[PDB]
Amino acid sequence: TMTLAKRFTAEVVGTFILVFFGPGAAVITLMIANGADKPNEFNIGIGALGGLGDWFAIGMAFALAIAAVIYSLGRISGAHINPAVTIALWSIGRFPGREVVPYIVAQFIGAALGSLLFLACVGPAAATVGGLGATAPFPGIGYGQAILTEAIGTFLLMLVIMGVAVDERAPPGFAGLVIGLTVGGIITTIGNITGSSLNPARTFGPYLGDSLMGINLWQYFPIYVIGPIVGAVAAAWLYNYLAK
Amino acid sequence: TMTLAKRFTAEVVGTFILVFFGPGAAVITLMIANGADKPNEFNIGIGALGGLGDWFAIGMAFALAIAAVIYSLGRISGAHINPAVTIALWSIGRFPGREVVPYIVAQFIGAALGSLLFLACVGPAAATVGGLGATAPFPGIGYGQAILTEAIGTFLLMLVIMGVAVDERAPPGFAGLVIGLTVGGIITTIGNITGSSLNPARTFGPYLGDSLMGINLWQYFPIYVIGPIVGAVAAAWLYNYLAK
Amino acid sequence: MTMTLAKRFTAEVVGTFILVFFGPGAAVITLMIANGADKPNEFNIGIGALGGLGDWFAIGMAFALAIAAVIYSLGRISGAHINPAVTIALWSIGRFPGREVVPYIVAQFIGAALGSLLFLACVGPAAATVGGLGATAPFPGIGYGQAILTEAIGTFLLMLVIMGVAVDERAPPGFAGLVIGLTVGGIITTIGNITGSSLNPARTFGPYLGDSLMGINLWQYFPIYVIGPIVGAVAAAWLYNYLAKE
Amino acid sequence: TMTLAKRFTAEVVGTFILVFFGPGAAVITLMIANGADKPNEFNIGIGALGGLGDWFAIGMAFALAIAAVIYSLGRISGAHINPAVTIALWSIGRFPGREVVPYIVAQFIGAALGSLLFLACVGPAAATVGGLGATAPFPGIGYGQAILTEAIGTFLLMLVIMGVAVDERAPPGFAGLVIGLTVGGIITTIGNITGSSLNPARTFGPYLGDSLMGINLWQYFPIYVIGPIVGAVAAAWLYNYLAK
Ligand SMILES: CCCCCCCCO[C@@H]1O[C@H](CO)[C@@H](O)[C@H](O)[C@H]1O
Ligand SMILES: CCCCCCCCO[C@@H]1O[C@H](CO)[C@@H](O)[C@H](O)[C@H]1O
Ligand SMILES: CCCCCCCCO[C@@H]1O[C@H](CO)[C@@H](O)[C@H](O)[C@H]1O
Ligand SMILES: CCCCCCCCO[C@@H]1O[C@H](CO)[C@@H](O)[C@H](O)[C@H]1O
Ligand SMILES: CCCCCCCCO[C@@H]1O[C@H](CO)[C@@H](O)[C@H](O)[C@H]1O
């Protein structure tokens, strides 16, 4: 088992790729669709040109990136790339408490780096037109519902993480592909309701870049901390109850 | 194995996710596409912006969710999340008769919960504009053809379920992924003909929420009971005849 | 459980039926739902009109996931050839009995006609008059010369995968169905708007029958979907062996 | 191992299929979308009809082709079909130096063949309208950023190649599928920034056909040599540091 110093840097490089490519697709969708007829308020540009196919596109950007990361770095850090996962796994005694805060920091640092680097790669348009793919409720969606859809979202994620990754009886090698594809699915449905974050670090990244680029959104941050965690811890604890 | 009480609650939580995310994509497609030019009668808003890609998006929302459920819960309840499967497996003596009615109830309860919760998450728009993703025949499609396409649909599903899940010679671990992706495929073709239900619990959920939200559609329910069961039992029995 | 030929025949019918019901069935539904939308040039015939190339990947995936489903359920029984070019290619390497090539191809053709006809019944005449029963034929500005070459280059990559992940002893077990299907899905996405990406005489036949039954005669183009696929498959099979041996 | 003569001809036939089908999708997208409303400068026709779904479509054309090639030919040549990979693997002492130049030549020859054959298959339209799918920066993207996005791109690729192919502990059989799907993912995000080449041979092919068809673009070639290599070598070396 690799030194914590190396699992930290593994968690950085992982969450960096999560936030570079995942929310990077959301930006590029918005940027190439910018100008097209948005036929109602609920449609904010994503879906304008490719309908829900735009959301699957985006979900798959996320999924296949997430999968890549697990398959390359999972053996090293565990490939958490998400604080809700770390917190959920800790709440079952599958992760050391001493390492939860160090992991989450590694995730946040990685997320900020991915968001900032994407911004540099594309130009200011990435934020002013793409929002750096930051998550926030959609037209006609309150905070109440926003956390609930984020909890129901991250509940299904963690449930798969238990079933195909943590459980001794899980078929080896499927983990990365399954976990990622699952996220990809969740984004397709949940995307146009809350931006399907499922992940505090993945929300943080853009929020920083945006508020660095003049666009302050931290009002909505709790939705992406409370929602994901209550979903993940719920999933983790339910799993164990059902499987013993 | 796990107590029936726990396989029940496993079947609820499974069918819940099946109906939350699967038909939830259908709703969100319709909602974001609401207002766009529907260039003929046959196009009812799905396909309006993203063409058949909208249907594949939707199918994948389903497929990846279904897969997630099998990989997480299949080890517990069997992950039937569908009464036609349960009835088909019983008709081969692979499932105890004592448990078919308890399973189907668990499925229906889970389906109503997933439909209701999605509704709460989004708002009334989810029903009045999205129809809660309920299945029903498409423009120029009679009841005769609607049960036949639903049979031909659920026939291919069950056939895979025999071939990659029930059969002792099936390559282990591929189950969840293959079965889900297969559904995904069916929806892509059959979607704009009957809404590709393949599943009485998956049709029931929306139908309840809709008729709770003022939109009564139970006229069409037999198409999604008869069609799927005749398809599933036909597949199960054909499989065994061919494989011995 | 090496099942009787009678049962591998009926397995090959039920397999090629699902291949032609769902595969070309997506192509029809694409056309039908997109019917009326602005086709911004000649090369766009309605597929791509609403969902761009995403419409072609949608269609390719309808094919791929159906093909995959078949292999994983019936492969253990008939071999899940569901394609005469495959049977002929495998025979040309002595991996399939000559006595069973003609019986296999007939099973495939019967299954393909049944899938095409059943889809037609399911939807209505619109399925043919508007959807063309998803029959393959060259696209605007594509000659017969190029149409067979793109169909050979197409089915060459298919058969090459079939060798590598299904026929070869050293292939990782269980991946076969998924990989072979997804591969087809890939080929359709690129080749689709050039020839309809048939890769398969039985898959072309099905629609052609239904169409010519519904008044739309297209057999002029059938050789493109017999010659092209076979020359591609037999080439792939024979190249594979040359590369992988002694 | 098979003789080098046969691994050469294996690398030709592989990179041929990479460039025929991969960039072949890009051409067909452009050709069928030719004429449609491009609602801003950043949208050059890809995305016009199917939004980002057009980019995922293209990425999957690539991914599934790449996967096919590894699964069929990887056993023979290693299925590099990419000079940056060969050069990266050499830099770790996993590939013989004597074979790096021969491999790269095989790749280039195979790429030129695939590009030329596609051109022949379709007609001049393939170049004059499709650009033979050649990669080049997008509107508002400088050379500085173009190499950085291509490095960040090919960095993720090689990182997966280490994790699921080179590493002794990698789950067997997942290689082809995972590596290809990963590329597919990268193209979806990076596509509309640089054309997501990740690969000198894959850029070369089109560039030749194009400059044969009157369209000279070699001004941009360094972006697709420097970018990919620096990304691949960085990834390879980082991996080993993290995994020992
Ligand atoms: C205990 C409830 C905490 C809320 C978790 C958020 C995800 C909601 O998920 C729900 O969890 C419930 C558990 O009570 C189950 O009864 C429901 O079927 C399930 O859909
Ligand atoms: C008929 C009088 C009873 C109230 C309606 C059903 C119970 C409340 O339920 C709510 O009703 C709203 C409609 O106003 C919906 O938007 C909500 O999503 C639904 O959950
Ligand atoms: C018999 C079970 C009652 C559960 C309390 C739900 C209260 C929602 O209220 C009512 O429910 C009734 C039954 O669905 C119907 O009259 C209407 O759908 C609804 O207005
Ligand atoms: C240092 C001198 C060693 C000479 C052996 C070189 C032959 C390489 O061998 C090839 O390598 C590929 C990837 O590298 C493998 O995947 C292939 O199976 C194999 O054909
Ligand atoms: C240090 C001596 C140089 C060895 C040359 C490479 C030999 C090929 O080694 C090969 O590596 C591949 C991964 O790329 C795998 O596909 C093969 O299973 C493995 O045998």
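Going from the start of the chain as shown, residues are counted 1 onward.
Note that Cβ sites are derived from N, Cα and C of the backbone, with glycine treated the same way.
The membrane topology recorded in Swiss-Prot keeps B:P102 and B:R169 together on one side.
Here the listed stretches are B:12-32, B:104-124, B:146-166, B:173-193, B:217-237, and the one with the most C-beta pairs under 8 angstroms to the transmembrane segment (B:56-76) is B:173-193. Among residues of the same chain six or more beyond the transmembrane segment (B:173-193), those with a C-beta under 8 A of the stretch's C-beta atoms are 42, 46-47, 52, 55-56, 58-60, 62-71, 74, 79, 137-138, 141, 145-146, 149-150, 152-153, 156-157, 160-161, 164-165. Panel annotation: around the topological domain 'Cytoplasmic' (B:167-172), residues 243 of the same chain, lying at least six beyond its termini, place a Cβ under 8 Å from a Cβ of the stretch. Tertiary neighbourhood of the topological domain 'Extracellular' (B:125-145): same-chain residues 22-28, 30-31, 34, 41-42, 44, 115, 118-119, 192-197, 202-203, 205-207, 209-210, 213, 215, 217, 220, 223-224, selected by CB-CB distance under 8 Å and a gap of 6+ residues from either end.
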